[PDB]
Every structure is written in C-alpha cells, then in structure tokens.
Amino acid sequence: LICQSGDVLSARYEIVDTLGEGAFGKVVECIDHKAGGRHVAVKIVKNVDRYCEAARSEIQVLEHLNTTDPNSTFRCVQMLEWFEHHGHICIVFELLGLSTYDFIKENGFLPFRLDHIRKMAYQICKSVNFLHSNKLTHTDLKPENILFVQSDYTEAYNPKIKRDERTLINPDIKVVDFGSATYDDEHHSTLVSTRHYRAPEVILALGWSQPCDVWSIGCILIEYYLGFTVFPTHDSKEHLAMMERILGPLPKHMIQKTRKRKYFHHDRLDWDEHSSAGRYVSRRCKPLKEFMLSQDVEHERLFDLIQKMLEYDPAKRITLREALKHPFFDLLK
C-alpha cells in the first residue's frame, strides 16, 4: 500500500488520487492535513538510479528557477518542498489543472481557438525563453508537459461542427517536468525529446542546444491548431520523410555531417515514395501551409512563426527572444 491512495507522506500529505504516470513514477493529488485539508500535487519518483538522479537534477533546477522567479512570472511550476519517502524522492508542487494534451483529448480532439493558442504560445515562449536566458534547455517540451493553471470550462453547442464544445475560462499555463533540463556546461544526452516533438539535429545526432526546444514548440503549436500531430510515426527514417514532405528537403550540410548512414543513400534520404510506407507518408503529410484552416492574416502570421520555428538548421532557427516579438503576438498587447 506504500505510495498508493491512503498512504501519508511526510506525516501530512494523504494520497487521494493519481493524476498521471510517466517513466519517472507518478504524480498524485494529496490532502495536506497540516494546512487545513488544502490539496497539493506530489511527484513520486521510482527508486531506480536514473530516475533518482533526474529528480535530484529537477530539484536543483527548481530551486534555481524558483529563487530567481519566486512569483512564477515566467510560468515555471512552483515547488513547495521535497523529501524522501521509503526510498522515493517526492516533490511537492502547487496543484495545477489538466495538461493541454488531456484538455484536447477530453474535448474530442477539437483544436484550441486561435485566441487561446496565441495566449498559450506566448506563455510557453516566455517561460522557455526564461530557461534559455539562464543557460538551460528543457529538452522535453510537449503538450503533456504544459499544464493549465485552472482547467474550468464552459460548454456551448457549436452549430458549425454540430457538437458541444468546451472552452476554458482561463487558458493560463505553466511549464512542468524539469528532470531532463540541461545546463549549457553539463553533459548532453544523445537522445532527447519525445519523438513527435524531436528536432532534426537530435534525430541525426549532430548535437543540440537551446534551438531543439524551439522546434518542439513549433510542433506543439501545430498540434494545438489541428488537434493532431503532423508526424504520425514511430520510426526515425519515416519521421524524416514526413519532414521532407511538409518542410522540403533536409539541408545537404546536415546530411553530410550525420553518422546515421542507414537513413541516407548518396547524400539523400533513402526513401521509396512508391512503397507502402511511402504511400502512408504521401497520404498523411503535405506542405505545411496546406494545413491552414483559414487564409486570414492571423492564421498567416501563426504559420509564419511555426515555419520559422521548424527551420532545419538549428543555427538559423528563430530564437525565442525573436519569437516573442513576432506579430502573431500583437493582439495580446
């Protein structure tokens, strides 16, 4: 019964629900018996070396970020305390609401309204830019790691789509999961990110830094806009073929540098468009701007920003400092 509902951590936190599970362990909702029964979130990490290590690294990162930004102006999740419980590192957080992934899924994969996307995108870019300004890269940006502060919603019949639709009262977010976050002068893992959000420099093992987060954010924005991924794959070569269909050919210099020679023939993707997998990619993917659902100026500007975030060469890719000035964001000011 340890670390299951009914267990009590640090003599005050009673587990009442499991909020989510990941490779690291789980996050639970607790009643805090020493603070009037108010609820908190507790991240409970497996007693397995690599997860313990990552959790210690997360704690260090959160102590740095939370000391620099004690009011979470830059929207990183607030750690309240941490402790060990039967060999498990436990990190207590402010209780947040649903992830952006869970909200989309619960809404039947309807995409977010553009005005919500603009607010969420700005907040994500502000947050991650704060990390970048502090010599950190998140490395694991995805919708499941962007959480709403309050996920309360209103429901209205939408006569366009002829279904009921949920709309957030407040779309404010925070960025979570710092267990993979890497300082500039620390060891960089070979493979980072969750596949659908993984930058091409990572796939090609060329080395990565802050730009890989910017590629991930571009992928997130597409997902918010469409309600689905443009990279429906679990294979690296296929992922690269999907990129070529959507974004155009990979740059020759990146291809020349890579040691991932299995993906290439001459200095071109080794991909048969007439194969079954080729037909799949041809059917599911198409040039980026063909995905737009409107040609109005606000949609055009969102897609201009996404295209700059999905620049292949990390040295040329837009920085979040530059992104925060993009005209997509003016209606917020």
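Position 1 is the first residue in the sequence shown; the rest follow in order.
For the pair 193-201 and 242-250, the record assigns the higher mean C-alpha temperature factor to 242-250. Legend: mean Cα B-factor per stretch from the PDB entry, 105-113 versus 177-185; the higher mean is in 105-113. Across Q307, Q60, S282, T68, the entry's maximum B-factor at the CA atom is seen for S282. Of the candidates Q78, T258, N158, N145, the deposited coordinates give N158 the top C-alpha B factor.
Ranked against the other modelled residues of its chain, the C-alpha B-factor of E322 as given in the entry falls in the middle third.
In the deposited entry, the Cα temperature factor of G227 sits in the middle third of values across the chain's modelled residues.
Split the chain's modelled residues into thirds by C-alpha temperature factor. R163 is in the highest one. Per-chain ranking of the deposited C-alpha B factor places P171 in the highest third. Sort the modelled residues of the chain by CA B factor and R118 lands in the middle third.
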